[PDB]
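**Q** If you scroll down you'll find the structure; I have some questions about it.
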There are 2 protein chains.
Amino acid sequence: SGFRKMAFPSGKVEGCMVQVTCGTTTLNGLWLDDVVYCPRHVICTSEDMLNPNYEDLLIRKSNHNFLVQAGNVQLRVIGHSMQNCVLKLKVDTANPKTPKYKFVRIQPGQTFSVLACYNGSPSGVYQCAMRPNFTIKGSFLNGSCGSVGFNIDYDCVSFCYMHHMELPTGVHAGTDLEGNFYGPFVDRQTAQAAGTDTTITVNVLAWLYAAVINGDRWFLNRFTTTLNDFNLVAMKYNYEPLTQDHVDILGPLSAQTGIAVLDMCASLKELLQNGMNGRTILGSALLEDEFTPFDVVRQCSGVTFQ
Amino acid sequence: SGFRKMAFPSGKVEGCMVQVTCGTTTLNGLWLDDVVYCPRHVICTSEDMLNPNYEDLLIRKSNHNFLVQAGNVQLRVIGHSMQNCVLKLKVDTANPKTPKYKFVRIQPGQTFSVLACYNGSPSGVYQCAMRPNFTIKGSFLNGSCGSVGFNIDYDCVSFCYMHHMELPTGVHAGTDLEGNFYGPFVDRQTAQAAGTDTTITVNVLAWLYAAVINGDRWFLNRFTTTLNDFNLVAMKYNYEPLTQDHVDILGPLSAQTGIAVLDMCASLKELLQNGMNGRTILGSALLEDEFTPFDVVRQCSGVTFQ
Ligand SMILES: [Zn+2]
Ligand SMILES: [Zn+2]
């Protein structure tokens with residue numbers, strides 16, 4: 001038993017991290033097959049970031065202007081191209097440690113593991129969620145740009161995030177592996193507004209099911225409710241509205257615990273209106289929304305990967 | 001910026017996990033060089049666990065009674081021996097992926113990463129602390145026995161924990177890699193009492209320094225205090241006493257923030273007596289003690305590994 005904010009094993013991703021250097025800037029890149037992916041602002045100086053013209057900046061650069069370090073090995077940049085906000089540095093050698101991989105664009109509320117790297121060397125791993133406003137609340141220092149987020153499906157690594165920058169507010173923004181930013185953010189140093197951050201209701205409900213599975217039952221109550229009545233209370237406390245698709249995803253958890261989804265919603269409603277009263281749920285004094293219904297089932301059943 | 005409960009990259013450890021099967025029981029083992037380490041109760045049936053005589057049980061077993069799976073490869077048990085509570089199955093092949101490793105016995109309050117495995121396959125990774133009562137609050141399901149905890153020093157993997165069992169209270173107990181249990185626990189299915197669990201004061205203080213580094217300053221106050229006055233308040237709320245060694249370890253954090261250790265203690269005292277008042281510190285409504293002073297510096301400076 002027990003419940004922990006669990007990350008995927010990062011072994012398959014560590015073997016893909018390289019150090020990319022262009023001019024004076026150095027950051028991380030993802031080396032799959034014979035292509036290296038990295039944020040395009042590796043070609044920028046600190047002055048350029050204020051208002052960069054990436055096309056003009058990239059035209060001044062040639063293949064031999066990029067230095068790619070795979071630990072102690074050299075990769076020769078033979079071709080270079082810009083796809084949206086990422087650079088695709090075609091190298092001469094294909095990564096022998098390339099895993100079965102796949103590029104995906106996740107949706108808000110989905111969770112993934114981040115491998116924070118500096119100078120192409122792994123530093124740590126943690127799990128986090130894509131906020132509804134398309135930001136992530138991560139842990140990134142200077143030079144962490146290029147670090148990637150990923151999920152693992154048995155034997156496939158699904159790359160979903162590449163880190164690009166820290167907003168003036170301390171939150172983090174990035175792109176998919178095709179270079180398309182999550183959210184309305186651009187890769188320049190300017191004041192950018194992130195939308196209102198709401199709580200991921202479906203994730204909170206999955207977390208409450210995990211608590212029941214692990215022995216925490218005090219928040220259960222004899223009340224019930226409807227979807228509409230619950231939503232109207234949810235939006236007052238900045239909670240994502242619940243749809244029928246959300247109720248469907250929670251089905252398996254409902255069947256394992258014998259607690260109807262709508263009965264759990266009524267319990268959540270009372271928690272929002274009256275609070276926690278200094279008590280805890282799975283060791284937390286706040287409601288946690290960084291566990292998807294899929295994360296809960298896999299940790300409470302023992303899913304593995306190869 | 002930002003702060004996250006960060007685990008070490010687990011790539012170096014994934015290549016050492018194997019599946020060990022003896023009779024009908026199957027659990028995880030650690031394959032370093034030509035030796036496989038695993039909990040000795042792999043030789044027990046569900047009935048044996050109630051009161052096992054490990055010497056007599058092991059004498060009925062021969063080298064060919066143990067089945068070691070390294071994914072799709074076979075390892076031939078040529079020699080077997082029992083060291084305290086772990087079995088050392090000497091195999092014919094040396095693990096080619098053996099990293100620079102080292103066995104260590106950590107002290108209470110120290111943190112490490114756990115790689116939860118099932119049937120010798122990695123499932124997830126998380127960071128946790130050794131409680132003062134020598135338990136850990138982890139996430140383990142049936143068959144997770146043999147999963148190991150570890151730290152990484154640049155290029156050395158320091159193995160410090162092997163999981164053995166879940167107590168009736170839901171907490172977890174294990175041994176070092178020499179087979180010596182942490183705490184007064186034995187490897188049998190009986191009611192075992194874990195001591196009073198106290199909060200790791202030095203870790204809480206490091207966490208408050210991390211908050212100041214990241215912008216949370218509201219808990220700072222114009223008060224001060226002495227070590228004795230603070231300790232006397234700490235023990236009322238079940239907090240480990242603070243020694244001079246603890247003050248010394250926090251020196252670097254004191255110098256980076258310009259806040260004297262004793263001034264931070266006075267802030268912590270007021271937090272214990274008056275509470276949080278519904279506010280948060282680094283996104284938490286409770287005081288966190290699973291970050292050592294070393295964890296904080298390494299995440300706020302960007303330490304990497306190879
Ligand atoms: Zn950058
Ligand atoms: Zn066991």
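Following the order of the structure tokens, chains are lettered A, B, ..., residues in each are numbered from 1, and ligands are numbered from 1.
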If DSSP is run on the backbone, what residues of region 92-190 of chain A are strand (DSSP E or B)? A reply as a ChimeraX atom specification would be ideal.
**A** /A:101-103,111-118,121-129,136,148-153,156-166,172-175,181
**Q** Set the cut-off to 7 Å and count only C-alpha atoms: what are the residues of chain B that reach chain A? Output as number ranges by chain.
**A** B: 1-11, 14, 118, 121-126, 138-141, 170, 285-286, 302-306
**Q** Considering only C-alpha atoms and all ligand atoms, state which residue in the set B:55, B:153, B:290, B:187 is at the smallest distance from ligand 2.
**A**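 Looking at the shortest contact to ligand 2, the residue is B:187.
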**Q** Taking only C-alpha atoms and all ligand atoms into account, which residues have an atom no farther than 12 Å from ligand 2? I'd like them as a PyMOL selection string.
**A** chain B and resi 20-21+25-29+38-46+48-49+85-86+118-119+140-147+162-167+172-174+187-189
**Q** Could you please determine the separation between CA of residue 223 (chain A) and CA of residue 264 (chain A) in Å, to one decimal place?
**A** 9.2 Å
**Q** Excluding residue 76 (chain A) and residues on its chain fewer than 2 positions from it, collect all residues at most 9 Å away from it, counting only C-alpha atoms, and give them as a list in words.
**A**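 These residues fall inside the cut-off: residues 63, 64, 66, 67, 68, 74, 78, 90, 91, 92 and 93 of chain A.
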**Q** Which residue is closest to residue 234 (chain A)? Choose from A:130, A:58, A:288, A:199 and count only C-alpha atoms.
**A**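 Selected residue with least distance to residue 234 (chain A): A:199.
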**Q** So what do you get for CA of residue 252 (chain A) versus CA of residue 297 (chain A), distance-wise?
**A**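 Interatomic distance, CA of residue 252 (chain A) to CA of residue 297 (chain A): 8.4 Å.
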**Q** I'd like the neighbourhood of residue 70 (chain A) as a list in words, where a residue qualifies if any of its atoms comes within 8 Å (using only C-alpha atoms), though same-chain residues fewer than 5 positions away should be ignored.
**A**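 Counting only C-alpha atoms, the residues come to residues 17, 18, 19, 75 and 120 of chain A.
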**Q** What is the distance between CA of residue 226 (chain B) and CA of residue 240 (chain B), in Å to one decimal?
**A**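 So the two atoms, CA of residue 226 (chain B) and CA of residue 240 (chain B), lie 15.7 Å apart.
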**Q** Could you please write out, as a list in words, every residue of region 28-72 of chain A that DSSP assigns to alpha helix (DSSP H)?
**A** residues 54, 55, 56, 57, 58 and 59 of chain A
**Q** With N, CA, C and O atoms retained, export the selected residues as a PDB file, in the first residue's frame.
**A**
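Now in out-v2.pdb:
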```pdb
ATOM      1  N   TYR A  54      14.440  35.045 -35.733  1.00  0.00           N
ATOM      2  CA  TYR A  54      15.094  33.742 -35.780  1.00  0.00           C
ATOM      3  C   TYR A  54      15.549  33.390 -37.192  1.00  0.00           C
ATOM      4  O   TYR A  54      16.600  32.764 -37.372  1.00  0.00           O
ATOM      5  N   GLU A  55      14.778  33.787 -38.205  1.00  0.00           N
ATOM      6  CA  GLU A  55      15.168  33.498 -39.581  1.00  0.00           C
ATOM      7  C   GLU A  55      16.488  34.176 -39.926  1.00  0.00           C
ATOM      8  O   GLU A  55      17.421  33.532 -40.423  1.00  0.00           O
ATOM      9  N   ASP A  56      16.589  35.480 -39.664  1.00  0.00           N
ATOM     10  CA  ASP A  56      17.824  36.198 -39.957  1.00  0.00           C
ATOM     11  C   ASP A  56      18.977  35.684 -39.103  1.00  0.00           C
ATOM     12  O   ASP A  56      20.105  35.548 -39.589  1.00  0.00           O
ATOM     13  N   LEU A  57      18.712  35.390 -37.827  1.00  0.00           N
ATOM     14  CA  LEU A  57      19.762  34.867 -36.959  1.00  0.00           C
ATOM     15  C   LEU A  57      20.265  33.517 -37.453  1.00  0.00           C
ATOM     16  O   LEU A  57      21.473  33.253 -37.443  1.00  0.00           O
ATOM     17  N   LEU A  58      19.351  32.646 -37.886  1.00  0.00           N
ATOM     18  CA  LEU A  58      19.747  31.311 -38.325  1.00  0.00           C
ATOM     19  C   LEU A  58      20.511  31.353 -39.642  1.00  0.00           C
ATOM     20  O   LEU A  58      21.310  30.453 -39.922  1.00  0.00           O
ATOM     21  N   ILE A  59      20.277  32.379 -40.460  1.00  0.00           N
ATOM     22  CA  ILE A  59      20.933  32.442 -41.761  1.00  0.00           C
ATOM     23  C   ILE A  59      22.417  32.744 -41.602  1.00  0.00           C
ATOM     24  O   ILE A  59      23.232  32.350 -42.447  1.00  0.00           O
TER      25      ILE A  59
END
```
**Q** When you count only C-alpha atoms, which of these residues is closest to residue 178 (chain B): B:227, B:211, B:193, B:160?
**A**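 Of all the options, B:160 lies closest to residue 178 (chain B).
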**Q** Between A:175, A:135, A:24, A:190, which has the minimum distance to residue 148 (chain A) (counting only C-alpha atoms)?
**A**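 Once distances to residue 148 (chain A) are computed over only C-alpha atoms, the minimum belongs to A:175.
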**Q** Might you pull out every residue within 6 Å of residue 203 (chain A), with only C-alpha atoms counted and same-chain residues fewer than 6 positions away left off, and present them as a PDB file with N, CA, C and O atoms, in the first residue's frame?
**A**
```pdb
ATOM      1  N   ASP A 289      -4.161  17.608  -7.493  1.00  0.00           N
ATOM      2  CA  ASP A 289      -4.724  17.413  -8.825  1.00  0.00           C
ATOM      3  C   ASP A 289      -3.663  17.014  -9.846  1.00  0.00           C
ATOM      4  O   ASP A 289      -3.883  17.175 -11.051  1.00  0.00           O
ATOM      5  N   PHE A 291      -2.558  13.837 -10.193  1.00  0.00           N
ATOM      6  CA  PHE A 291      -2.715  12.415 -10.466  1.00  0.00           C
ATOM      7  C   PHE A 291      -3.924  12.229 -11.369  1.00  0.00           C
ATOM      8  O   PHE A 291      -5.049  12.562 -10.979  1.00  0.00           O
ATOM      9  N   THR A 292      -3.697  11.701 -12.566  1.00  0.00           N
ATOM     10  CA  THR A 292      -4.798  11.359 -13.449  1.00  0.00           C
ATOM     11  C   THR A 292      -5.453  10.065 -12.986  1.00  0.00           C
ATOM     12  O   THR A 292      -4.867   9.302 -12.212  1.00  0.00           O
TER      13      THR A 292
END
```
**Q** Can you pull out every residue within 9 Å of residue 94 (chain A), counting only C-alpha atoms, but drop anything in the same chain fewer than 6 positions away, and send it as a list in words?
**A**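 Contacts, in chain order: residues 31, 32, 33, 34 and 35 of chain A.
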**Q** Go ahead and save the picked residues with N, CA, C and O atoms, as a PDB file, in the first residue's frame.
**A**
```
ATOM      1  N   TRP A  31      18.578  13.495 -28.725  1.00  0.00           N
ATOM      2  CA  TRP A  31      19.240  12.821 -29.839  1.00  0.00           C
ATOM      3  C   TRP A  31      18.515  11.506 -30.109  1.00  0.00           C
ATOM      4  O   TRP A  31      18.709  10.520 -29.392  1.00  0.00           O
ATOM      5  N   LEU A  32      17.676  11.500 -31.142  1.00  0.00           N
ATOM      6  CA  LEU A  32      16.963  10.311 -31.588  1.00  0.00           C
ATOM      7  C   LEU A  32      17.363  10.015 -33.025  1.00  0.00           C
ATOM      8  O   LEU A  32      17.405  10.925 -33.861  1.00  0.00           O
ATOM      9  N   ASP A  33      17.655   8.747 -33.312  1.00  0.00           N
ATOM     10  CA  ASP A  33      18.152   8.327 -34.628  1.00  0.00           C
ATOM     11  C   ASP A  33      19.327   9.240 -34.970  1.00  0.00           C
ATOM     12  O   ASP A  33      20.243   9.379 -34.143  1.00  0.00           O
ATOM     13  N   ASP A  34      19.348   9.885 -36.137  1.00  0.00           N
ATOM     14  CA  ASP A  34      20.440  10.762 -36.538  1.00  0.00           C
ATOM     15  C   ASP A  34      20.020  12.231 -36.551  1.00  0.00           C
ATOM     16  O   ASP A  34      20.534  13.022 -37.345  1.00  0.00           O
ATOM     17  N   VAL A  35      19.090  12.607 -35.674  1.00  0.00           N
ATOM     18  CA  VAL A  35      18.596  13.975 -35.577  1.00  0.00           C
ATOM     19  C   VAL A  35      18.668  14.420 -34.124  1.00  0.00           C
ATOM     20  O   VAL A  35      18.363  13.646 -33.210  1.00  0.00           O
TER      21      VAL A  35
END
```
**Q** For residue 218 (chain B), list every protein, DNA or RNA residue within 9 Å, evaluated using only C-alpha atoms, and leave out those in the same chain fewer than 3 positions away; present the list as a PyMOL selection string.
**A** chain B and resi 212+221+281
